[PDB]
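Visitor: Here's a sequence, model it:
(chains A, B, C, D, E, F, G, H, I and J)
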Amino acid sequence: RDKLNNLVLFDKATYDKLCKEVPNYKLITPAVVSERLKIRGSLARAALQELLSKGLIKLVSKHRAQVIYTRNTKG
Amino acid sequence: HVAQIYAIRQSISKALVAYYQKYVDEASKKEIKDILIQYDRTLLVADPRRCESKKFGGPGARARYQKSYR
Amino acid sequence: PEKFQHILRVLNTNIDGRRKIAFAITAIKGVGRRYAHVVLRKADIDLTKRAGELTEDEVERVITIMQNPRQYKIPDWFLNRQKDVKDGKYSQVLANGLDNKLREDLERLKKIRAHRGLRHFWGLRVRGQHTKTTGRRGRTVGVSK
Amino acid sequence: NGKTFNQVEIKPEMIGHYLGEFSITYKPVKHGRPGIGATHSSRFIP
Amino acid sequence: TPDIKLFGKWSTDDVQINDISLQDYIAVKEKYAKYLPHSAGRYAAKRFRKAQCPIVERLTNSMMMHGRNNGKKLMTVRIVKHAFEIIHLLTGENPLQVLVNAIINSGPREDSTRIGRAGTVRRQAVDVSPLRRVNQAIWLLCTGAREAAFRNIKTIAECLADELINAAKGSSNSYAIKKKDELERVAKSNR
Amino acid sequence: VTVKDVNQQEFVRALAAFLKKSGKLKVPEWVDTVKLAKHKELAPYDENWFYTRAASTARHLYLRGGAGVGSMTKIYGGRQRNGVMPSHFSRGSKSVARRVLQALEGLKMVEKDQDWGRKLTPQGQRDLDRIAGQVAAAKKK
Amino acid sequence: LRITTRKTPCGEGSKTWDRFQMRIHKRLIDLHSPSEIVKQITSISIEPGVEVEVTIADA
Amino acid sequence: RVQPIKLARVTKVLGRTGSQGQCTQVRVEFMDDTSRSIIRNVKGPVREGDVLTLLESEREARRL
Amino acid sequence: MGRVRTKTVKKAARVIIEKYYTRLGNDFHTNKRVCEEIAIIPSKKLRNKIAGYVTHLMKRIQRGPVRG
RNA sequence: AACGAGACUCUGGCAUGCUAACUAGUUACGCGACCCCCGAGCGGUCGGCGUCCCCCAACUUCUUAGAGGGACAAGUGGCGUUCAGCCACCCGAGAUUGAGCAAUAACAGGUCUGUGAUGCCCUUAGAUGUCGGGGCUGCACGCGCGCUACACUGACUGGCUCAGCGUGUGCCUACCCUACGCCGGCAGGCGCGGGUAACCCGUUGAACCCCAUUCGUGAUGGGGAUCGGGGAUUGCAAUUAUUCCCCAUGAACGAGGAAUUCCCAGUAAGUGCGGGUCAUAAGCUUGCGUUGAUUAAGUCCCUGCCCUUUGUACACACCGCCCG
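Guide: Numbers count the residues shown, from 1 in each chain, chains lettered A, B, ... in the order given. Okay, here it is:
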């Protein structure tokens, strides 16, 4: 085992980066938010649900055990 | 859940055929036969495979309990 | 958001604000996960957020709803103890009192000196179990010359 | 027990229990010194 | 399209085998394209019979291993539908051409074996069948995603699609293209 | 439409909500202390589980010939992890299902009919197929 | 009828068993006619050890 | 070595060798020269008419 | 595979061709039914074998002389 | 010429051919009843959904079990002495679906605790032949067969949806399987009814699987050992906890050395169920379904076995014999 740092709620830099990482990244899953930031992972699940209501991300597929989200579906 | 899916497919394939075999001519259904049997996947045929009967000295039909010499 | 507080101390055990409310509370002895999802609902609060997001007003109510469970209409069968024995009532025991209570019942069964206390004092299994192939701490045995 | 009548005084603190919990029926156990075949080494003599 | 199945959305046309060596044991589109990878359970009762069944199905078969996952072929197909999806968003290709490169780049060119002399280990270099290459390459990359997701927050779908990228474009960040080159490095030595 | 046509995951999630609006279902007091079956290790997350289960009760009666408190439990029962011992099947609670079916019968969406089992009232059968089309109206079947 | 039991008394040696089976057969012919001539003709003209059971009514 | 990747195809299978039958002798045609032929040892199951990927044709087989 | 014919087949096959040479065809099914009538073979599977060998012999007897 | 091999028996796989069925179904209406316009139309009708109604209806495809047929290396192409056979292919169920039965001769193999089978010896009233109690479960240790685990291909909580081999009171001496109604969180209690069983339980409304929430890489909510208190059931009796249930307690264990077992197609592995023992009780054994891979189409290297030739100081047979 190991020790990895995580945060269960946001602070400034995480939250502000969260809005601007979106157009920079084509793939968006909660797992990828775990590594690029230090985020719990369950935090990232609900964080993406918020963004989809704004239309800053787009759903592309959904399942019980895995969920995919994309940038804006533009090209 | 699984084997039912193959059963309903196998029946509807043959059902369609039989309707043409009885009320329409040969050359209608001969055509349809060539199409299905091309990607045959047990649509017009049936597996003969069913479970084999277990014999003693194993939990399965082939697999056996462990053997110790000491 | 919600940067207000994190790790805190409550009665007899330190409880983190890192974890969800119900599961956080379980660390305190005499409270399992099953016991906590009840007590939160009698308190009529969310269990869908962290323990660091509770206020002092709220957690003050929690311990009251916990330590008088019969008076907030949690059934008798759902308690740890029903008629302790020689105390005459239904009871619910929590962290540091649990150990004190436990050590009494050990002492009692060597006081009378039943089969129980002897097995306890010898360090052998209380319940019907074989000890022939069960245990080991020990195994270094030799016999040659 | 099996042969022996172990006498006991009855306390008011023993109520609810059975009689047979206060008299044992085996020697607690001691050991030992492992014996011969007590392992994968014991064997041979001639 | 109306006479040949896609994959449920993915064309099997505009898909090539870019070797002349490894085709006729890699095929996916001659008529062997189907909506799903599944069989009635005929796959082997002759040595040649193994070859015929699709590459995409073979991948699904070798994905379920190690005890708890055996006999759960439907759960396995969930991982494959996400894989192609992730591969297409992530790089943007016909996501089968990714897989075909990933298989061809992971198959060994020369291999070693054992030979008994003097009661001591000696090794001999030998060649390898095209059918061996395909079987090996399917084994190796599936071990990668299985290994990575054994304590990672990442799901096996994500891990597997990453593993096909680094195989399809060699970069030695995969479990496959590493282990390929290990064998060939041995085969040079004892030869 | 008949209830056969539609998805059933969707069916219950609109039927559960329907009942709770209309003041229907007089619920037992015990609903926040209830494991819900012998083979569970926890209470439900859901706080309106009673409403959800009454949906699934009335649906099965539409299909099959109707049966008592015993049979409902057998339909719901699942696997019991006995720890170190191997898992086995077992049946869940009874006294919950005995409150469910009597609560439905108070609304006269079911009734004790002949041949050893409650059966769903024509008023009940009307209300099922009424909201069955509401499902297709909603999304689009 | 299945009986699956040891082939070895006082178990020793390789563990073996033995499947025995008995197959019963039932079949019935329904007549509707006067009960006299039936009970007359039925009980006679039977060579083997085969059982017969007459019933008053069933339908 | 410094030879580029060669390709050569089976003409005939000869028989199996090795000390567990794990190696297979085979005759192969060079696929650029139709009168050239070398014998090889090949590990995997082969049929006939399939193509291999030789790293050299300096090597040649003679025994197990 | 396997399934090399036994001597019980080869003994009676020769006999049946010698004394009923005329009745034989060269079809499987016709040569079966003849063996069923000119003799009784007490099994069904055995009958299907003895016919097939009787057929296979009758092919060669229409060439040079057999030595059996 | 004979025994074994094979032949044989059982089982699986092929029948819209044959035989016949309210203790098995299907179809067809007759329908009348319920339901929603859900589609054309209006709600009727036509179509769709199941149930009651079903017959003096029609039929036997499905289910059931009987009589029969079918596969033979049969046909074709290679190969073989062109013999015996072998390889590929067509048709198609390919010449191997799995079991039962099994020779000569032998073993100082197991069983006097299956036997009112049995020799001889012993014991036989202070009995080795009956009631009460205790023990076969006692642990510093060594080994074998297994079960459950070490998580995210997961756990947890809801929702959906599929099966088969069987078995059951009227038996042993007191006992079965359970629907339905009522009461209880649960274990369970209580009131009624059916089943001699293709008739009642059971259209066996099972698990894995499937669909949607929650947890987040943390010895964590993974794991459930240890242990405290309380409630039920069986019995004449439950203490060294018979079994079952509720709350609490929360350990080792984070993929395993030297070694080693088993397996080739509905097979391995995962997963549940019935029977056996049973007053109460399977982590065992014996059968059955369900989901269902990877790898091989070989070889004598290891271990071992069959046949020939050869050598031998061996025959209690190399686990032999024999020297200072």
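
Visitor: And the residue of chain H closest to chain F?
Guide: residue H:20 (40.6 Å; Cβ to the nearest Cβ). Placement of C-beta: from N, CA and C, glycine included.

Visitor: Now that residue: phi and psi?
Guide: Main-chain torsions, residue H:20, degrees, to the nearest 10: phi -140, psi 10.

Visitor: mind listing what it touches?
Guide: Counting by Cβ atoms under 8 Å, 6 or more residues apart in numbering or on different chains, residue H:20 touches no other residue.

Visitor: Tell me how many other residues surround residue 43.
Guide: Since no chain was named, I'll use chain A. If you count neighbours by other Cβ atoms under 10 Å in any protein chain shown, residue A:43 ends up with 19.

Visitor: that's the wrong chain, I meant chain F
Guide: Neighbours of residue F:43 (other Cβ under 10 Å): 18.

Visitor: Report the secondary structure element holding it.
Guide: Assessed by DSSP states H and E, residue F:43 sits outside every helix and strand.

Visitor: Skipping its backbone neighbours, what lies nearest it in space?
Guide: The spatial neighbour of residue F:43 that comes closest, neighbours along the chain excluded (Cβ to Cβ, 6 or more residues apart in numbering or on different chains), is residue C:37 at 5.5 Å.

Visitor: Just to check, the one you found is in contact with residue C:47?
Guide: Yes - shown here, residue C:37 and residue C:47 form a contact pair, counting by Cβ atoms under 8 Å, at 6.7 Å.

Visitor: and the gap between the residue of chain C at minimum distance from chain F and chain H?
Guide: Relative to chain F, the nearest point of chain C is residue C:41 (4.8 Å; Cβ to the nearest Cβ). Per Cβ to the nearest Cβ, to the nearest Å, residue C:41 is found 65 Å from chain H.

Visitor: May I have the phi/psi pair for that residue?
Guide: According to degrees, to the nearest 10, residue C:41 has phi -90, psi -30.

Visitor: Tell me how many other residues surround it.
Guide: 17.

Visitor: From residue F:28, how far off is it?
Guide: 15 Å (Cβ to Cβ, to the nearest Å).

Visitor: tell me the SS of the residue sitting furthest away from the middle of chain F?
Guide: Residue farthest from the centre of chain F, counting by Cα atoms, centre = their mean, is residue F:84 at 32.6 Å. Here residue F:84 is coil, with the state taken from DSSP: H, G, I helix; E, B strand; the rest coil.

Visitor: rewinding a little: got the CA positions of the helix or strand where the residue nearest to residue F:43 lies in CSV?
Guide: Here residue C:37 sits within helix C:33-42, counting by DSSP H and E. C-alpha atoms of helix C:33-42 as CSV (Å, rounded to 0.1, in the frame of the first residue of the first chain):
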residue,chain,number,x,y,z
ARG,C,33,-23.0,1.1,11.2
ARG,C,34,-26.5,-0.4,11.8
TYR,C,35,-26.9,1.6,15.0
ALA,C,36,-26.0,4.9,13.4
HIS,C,37,-28.3,5.0,10.4
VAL,C,38,-31.2,4.7,12.9
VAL,C,39,-30.0,7.4,15.3
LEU,C,40,-29.4,9.9,12.4
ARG,C,41,-33.0,9.5,11.2
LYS,C,42,-34.5,10.0,14.7
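
Visitor: and the closest residue to residue C:16 other than its chain neighbours, what does it touch?
Guide: Nearest-residue entry for residue C:16: residue C:7, 4.9 Å, with adjacent residues in sequence omitted and distances by Cβ to Cβ, 6+ apart. Contacts for residue C:7 (Cβ under 8 Å, 6+ apart) come out as C:14, C:15, C:16, C:17, C:18, C:52.

Visitor: Please report the distance of the residue nearest to the second one when sequence neighbours are not counted from residue B:9.
Guide: Here the nearest residue to residue C:15 in space, its sequence neighbours aside, is residue C:24; by Cβ to Cβ, 6+ apart that works out to 5.3 Å. The spacing between residue C:24 and residue B:9, counted by Cβ to Cβ, is 53 Å.

Visitor: Compare neighbour counts for those two and give me the winner.
Guide: Ranked by neighbour count (other Cβ under 10 Å), residue C:24 and residue B:9 place residue C:24 first, with 20 against 13.

Visitor: hmm, the strand or helix carrying that one touching RNA strand J?
Guide: Counting by DSSP H and E, the element that carries residue C:24 is helix C:21-25. Yes - Helix C:21-25 comes into contact with RNA strand J (Cβ under 7 Å from any atom of the strand), by way of residue C:23.

Visitor: Residue E:35 against residue E:9, yeah?
Guide: No - judged on Cβ under 8 Å, residue E:35 makes no contact with residue E:9 at a distance of 9.9 Å.

Visitor: which neighbours do the two share?
Guide: By Cβ under 8 Å, 6+ apart, no residue touches both residue E:35 and residue E:9.

Visitor: Surely the residue of chain C closest to chain F touches residue F:32?
Guide: Yes - because the distance of 4.8 Å satisfies Cβ under 8 Å, residue C:41 is recorded as touching residue F:32.

Visitor: residue ranges of the strands in chain E, please?
Guide: E:111-117, E:120-126 (DSSP state E).

Visitor: The last one near RNA strand J anywhere?
Guide: So the one you mean is strand E:120-126. No - Strand E:120-126 does not reach RNA strand J (Cβ under 7 Å from any atom of the strand); its nearest approach is 12.4 Å.

Visitor: Which residues in that strand does the neighbour count mark as buried?
Guide: For strand E:120-126, the neighbour count (16 or more other Cβ atoms under 10 Å in any protein chain shown) marks E:124, E:125, E:126 as buried.

Visitor: Quick check: residue A:17 touching residue A:33?
Guide: No - counting by Cβ under 8 Å, residue A:17 stays clear of residue A:33, with 10.4 Å between them.

Visitor: Who has more neighbours out of these two?
Guide: Neighbours were counted for residue A:17 and for residue A:33 using other Cβ under 10 Å; residue A:33 has more, 23 against 14.

Visitor: Quick check: nearest residue in space to the more buried one, chain neighbours excluded?
Guide: residue A:44 (3.8 Å).

Visitor: Show me the helices in chain I, by range?
Guide: Counting by DSSP state H, chain I has helices at residues I:7-19, I:28-37, I:45-61.

Visitor: circling back to that earlier point, burial of the residue nearest to residue F:43, as a residue count?
Guide: 21.

Visitor: show me the residues around it that make contact.
Guide: Contacts of residue C:37 (Cβ under 8 Å, 6+ apart): C:22, C:47, F:42, F:43.

Visitor: From residue C:91, how far out is it?
Guide: In terms of Cβ to Cβ, residue C:37 sits 21 Å off from residue C:91.

Visitor: Confirm residue F:129 sits in a helix?
Guide: Yes - counting by three-state DSSP, residue F:129 is found in a helix.

Visitor: Check the secondary structure at residue 38 for me.
Guide: I went with chain A, as the question did not name one. Classified using three-state DSSP, residue A:38 is coil.

Visitor: Test my guess that it contacts residue A:3.
Guide: No - under the criterion of Cβ under 8 Å, residue A:38 is not in contact with residue A:3, lying 11.9 Å apart.

Visitor: ok so residue H:40 is a strand residue?
Guide: Yes - looking at residue H:40 with three-state DSSP, it is inside a strand.
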